[PDB]
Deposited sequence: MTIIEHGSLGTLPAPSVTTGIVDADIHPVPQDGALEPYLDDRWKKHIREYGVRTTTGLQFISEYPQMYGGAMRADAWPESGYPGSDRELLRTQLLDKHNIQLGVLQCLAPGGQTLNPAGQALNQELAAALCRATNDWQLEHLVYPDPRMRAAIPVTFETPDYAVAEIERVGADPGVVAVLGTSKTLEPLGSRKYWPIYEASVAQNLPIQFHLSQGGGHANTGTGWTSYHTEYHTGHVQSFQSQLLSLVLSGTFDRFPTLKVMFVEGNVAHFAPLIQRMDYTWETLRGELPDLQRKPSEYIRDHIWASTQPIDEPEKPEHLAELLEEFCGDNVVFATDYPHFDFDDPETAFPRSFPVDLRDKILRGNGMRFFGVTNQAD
């Protein structure tokens, strides 16, 4: 690695969610041989009884400088004037690194991935920056990794998963937030599987409609926890973003939260503010996959009802449901709202100076 400038966004856009198309032995020069042998013998054991796949496969997933950079440069970065593209590598290669039941292996794989995306994508083309995967279920290792590479300017955020063993407001994770706030880093939680419980609070889903729609639910529960535990009283500078868990649903969820709090606030007397008052400074959300109301004017209504300043654009390239910054919004969409979704809102979240 040489040296990098802080990210810059002027007339291009922010893209919060990009999944770098990796390569096979790519991680092997960053893994010690202990874990090479261990992976050769056991794979990456997770919250399944499956040797290779996750509990909910995709049902059609697959298509198509050097490695994979030129395609990313020309298909995505050049094509869409992306000045800040945040890389979110959850699979070595499709289960999250941090979710490996062997947590020492998981931290080795997290380490290998961070060294790899930095050297191979960010530093060669610093329009891309990394959200570094860490082992959220072993805070000690995650703190160590945030300290190892978090201060590098190639790193713009800490990367977690929507599904966890305890809700993200639980004290188990406060050391990770404390380390993040020390590195001046925000945290992104990506839609994921696993985590240790069923994919809903009331059983496992059957068909692909329940599975993929169900992903918003984990996010609904993580917002409630993070807010009503007082996590944002303890860490008043912490910014978190929910990624690929759509946006519009958060608005009626927060609306219900305040409504119930008006009656039951006595249960949580240390909570310093009204619950919806924490959204502005602490909770962002990315757009992909965009919400598609029957009447398209409802989209801008609900995004503003969540918070118009805290919604950030993402492509989710190269997934099948990827969003295009042109096509994704309806044509009556307010121009000022769209512009700050593309530029300003992400700029504030990631800390890039105007």
Stretches with no C-alpha atoms in the model, relative to the deposited sequence starting at 1: 1-8, 73-82, 112-114, 376-378
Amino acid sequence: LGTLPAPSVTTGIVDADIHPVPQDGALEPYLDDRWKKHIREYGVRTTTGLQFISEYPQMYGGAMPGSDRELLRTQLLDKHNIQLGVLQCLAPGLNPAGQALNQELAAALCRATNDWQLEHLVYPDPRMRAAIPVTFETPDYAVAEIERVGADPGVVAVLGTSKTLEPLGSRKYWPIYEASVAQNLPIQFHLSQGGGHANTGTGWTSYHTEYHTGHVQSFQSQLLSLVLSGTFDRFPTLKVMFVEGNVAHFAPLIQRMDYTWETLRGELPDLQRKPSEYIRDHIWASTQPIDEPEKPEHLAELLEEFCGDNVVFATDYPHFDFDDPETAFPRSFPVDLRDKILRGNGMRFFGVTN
From here on, numbers count along this sequence of modelled residues.
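Under this definition, the rigid core comprises the largest set of C-alpha atoms superposing within 1.5 Å between the forms.
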Higher C-alpha RMS shift from the shown form in 4 other deposited structures of this protein - 67-75 or 135-143, rigid core fit: 67-75
Mean temperature factor over C-alpha atoms, higher-scoring stretch between 150-158 and 94-102: 94-102
Entry-level comparison of average CA B-factors, 167-175 and 263-271, reporting the higher stretch: 263-271
Given 210, 140, 258, 115, the residue at which the Cα B factor reaches its maximum: 210
Residue, from 76, 254, 108, 128, that the PDB entry assigns the highest Cα B-factor: 76
B-factor third for the C-alpha atom of residue 66 within its chain: highest
Chain-wide C-alpha B factor ranking for residue 335, given as lowest, middle or highest third: highest
Cα B factor band for residue 42 (lowest, middle or highest third within the chain): highest
For residue 289, the third of its chain into which the C-alpha B factor falls: middle
Third of the chain's Cα B-factor distribution that residue 322 belongs to, per the entry: highest
